[PDB]
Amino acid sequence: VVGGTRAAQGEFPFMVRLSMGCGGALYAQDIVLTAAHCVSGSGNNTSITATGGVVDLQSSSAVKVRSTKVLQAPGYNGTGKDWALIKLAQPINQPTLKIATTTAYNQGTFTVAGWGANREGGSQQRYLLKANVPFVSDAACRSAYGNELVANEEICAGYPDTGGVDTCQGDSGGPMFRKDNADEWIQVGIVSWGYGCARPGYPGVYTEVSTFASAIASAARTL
C-alpha cells in the first residue's frame, strides 16, 4: 500500500498474507479468496502458505497454514475473471469477510489493506498497511486504460486527479471492502492491477466481486 497507515492488530482479522507475495481474505476459515494471477492454476497444491491472525508478520502469534488445493477462476487468461480460492489444510480461527452479491455497494469510499510495497520498486512490508480509496467510475478509469479495462468485471479506486493513495506490488489478491447497510464490512473488490502505483491519472483496478459472487460461492462449496 502506497500512502497508507498501519492497521491495528485485530482491525481487519480476515486478512491473510500469501507466500507468493499476495494478500487474501478469509472467505471461510479454511478458504482464502484471492486473485487468479496470484496462482498458476487449479489443482492439488500444498506449496502455498497463508499467514493469519496478525498484522506483524514476524509475530510469534502468527498462524501459518499450508494449502491443500487451488481453484482459479475457470478460463482465466489475464483479461478479467481475476479471482481464485485456496483451500487450507486447517482453519484459521478468525472472522470471515462477506462478499458483495449485488452492485449496491460498488460506490463510495473503500478500504484496502496489504503487506505490499509502499512505493514503486519498494520492498514488501512487515506490518499490515491500510488505506481509504474512493470509487472511480468506469468512464474515468477507462480514460486512463482504454480497452485494457474489462467492463463489468473490474472496478477502480483511488484519486484519478492527484494519485497518492493506492495498492501496489505485493497487495494483489487482497480484499477491497466497505461497510454494508448493516454496519459490517463487505468485499467489493480484489486487488488486481494498475499502471504503477498511486500515479495521477492511473487508478488501481480491482476484480468486481459482485460480478463473480455466484461463481465464487458455488466454487467454494466444491472445496
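Residue numbers run from 1 along the displayed sequence.
Per the PDB record, of the two stretches 59-67 and 172-180, 59-67 carries the greater mean B-factor over its C-alpha atoms.
In this entry, the higher average B-factor at the C-alpha atoms falls on 210-218, of the pair 21-29 and 210-218. In this entry, the residue among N93, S137, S123, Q72 with the greatest C-alpha B factor is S123. Among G41, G189, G158, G196, the highest C-alpha B-factor in the deposited entry belongs to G41.
Among the modelled residues of its chain, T51 has a C-alpha B-factor that falls in the middle third, as given in the PDB entry.
Among the modelled residues of its chain, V133 has a C-alpha B-factor that falls in the middle third according to the deposited record. When the CA B factors of the chain's modelled residues are split into thirds, the value for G80 lands in the highest one. Split the chain's modelled residues into thirds by C-alpha temperature factor. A100 is in the highest one. Ranked by C-alpha B-factor against the other modelled residues of its chain, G108 falls in the highest third.
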